[PDB]
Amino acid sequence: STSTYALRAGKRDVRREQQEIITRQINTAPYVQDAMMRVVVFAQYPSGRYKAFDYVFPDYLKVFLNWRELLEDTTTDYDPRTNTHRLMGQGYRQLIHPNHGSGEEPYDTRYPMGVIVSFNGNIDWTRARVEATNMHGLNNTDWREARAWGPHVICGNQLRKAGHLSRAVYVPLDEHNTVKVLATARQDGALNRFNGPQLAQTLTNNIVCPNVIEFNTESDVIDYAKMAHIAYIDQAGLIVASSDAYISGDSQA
C-alpha cells in the first residue's frame, strides 16, 4: 500500500475519532446476532446481461433455483416463452425428463453460463455452501444415495475471501444444472441460537426477502454491488466490491 505523512488535531479531534467509531460500527454491527446478512446469486448470461437473486435475511438462507428461475428475463418459476400445452418448444421438459421434450435448440441461450455467489455478513464460513445440482436439485443421479450435500459440495476456500465480512465464488454451469445455496449465522460463541429457548426468535424472525433484478451489462452489476456493499467478482476475475468499510476508502492506492 501507498501511505505517507498525515496530520490530525490532538485530544480535541473527536470528530475524527467519532468517524473512526462509525467505521467500526459499520464493520461490526453485522456481528450482532439477528443483524441482516446478504447473499446474492448473479447469473451471467450468454447475452452479456446478468440477473441477481438478492436475499437479505437475519438468521439463515435456504435457496434452490430451478432451471426456469435461472433463465434470462424470468422472475419466477414461469417461462412466458414456453406455453406448456404446445407440443413443440418444451426445452425444460426435455432436460428434466430426458427425451420427453421438444426444445427448439440444444442450448436455450437464456440459460446462464455460471453464477457468482456473494456471501456477506456474520456468516458461518465453515458451513457456507453452494452446489450446481442436476435438474431435480439432486447431487447424485440416484436420489436414494443423494444427501443434503454432495461429497464435493462447493465450500471452504472455493469461496474467495473478499474482506473480513465477505466471500464470493464463481460457479460454472452446464445447461442441466440448478443452483443451491446455504448460509447461516455464525455460531453465537458457545451458545447455540438454534437451540433451546433461543430458537423461537431465530426461526420466526427469519423473514427472507428475495428480489430478482436484471442488469443489461456488467458495469451495472458492479454498480449494484457497490451500492449494496457486497462482494463481487467481475469478468476479469477481480474483486471489485466488498462489505468492508474503510474510513478513507481506497486511500492507499
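Numbers for residues come from their place in the sequence shown, where the first is 1.
So 79 to 87 or 124 to 132, which one's hotter by mean CA B-factor in the entry?
Taking the mean B-factor of the alpha carbons in each, 79 to 87 is higher.
Determine, for stretches 30 to 38 and 46 to 54, which one has the higher mean CA B-factor as deposited.
30 to 38 has the higher mean C-alpha B-factor.
Quiz for you: based on the deposited Cα B-factor, which of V63, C209, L70, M227 is highest?
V63 has the highest C-alpha B-factor of those listed.
Determine which member of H100, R147, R167, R110 has the highest CA B-factor, using the values in the deposited entry.
The listed residue with the largest C-alpha B-factor is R147.
Third assignment of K180 from its chain's C-alpha B-factors:
It belongs to the lowest third of the chain when residues are ordered by C-alpha B-factor.
Where does the C-alpha B-factor of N139 rank in its chain, lowest, middle or highest third?
According to the entry, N139 has a C-alpha B-factor in the chain's middle third.
Pull the Cα B-factor of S248 out of the PDB entry and bin it into the chain's lowest, middle or highest third.
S248: CA B-factor falls in the highest third of its chain.
B-factor third for the C-alpha atom of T202 within its chain
Answer is middle: the recorded C-alpha B-factor places it there.
Within this chain's modelled residues, let me know which third the CA B factor of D220 belongs to: lowest, middle or highest.
Highest third of the chain for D220's C-alpha B-factor.
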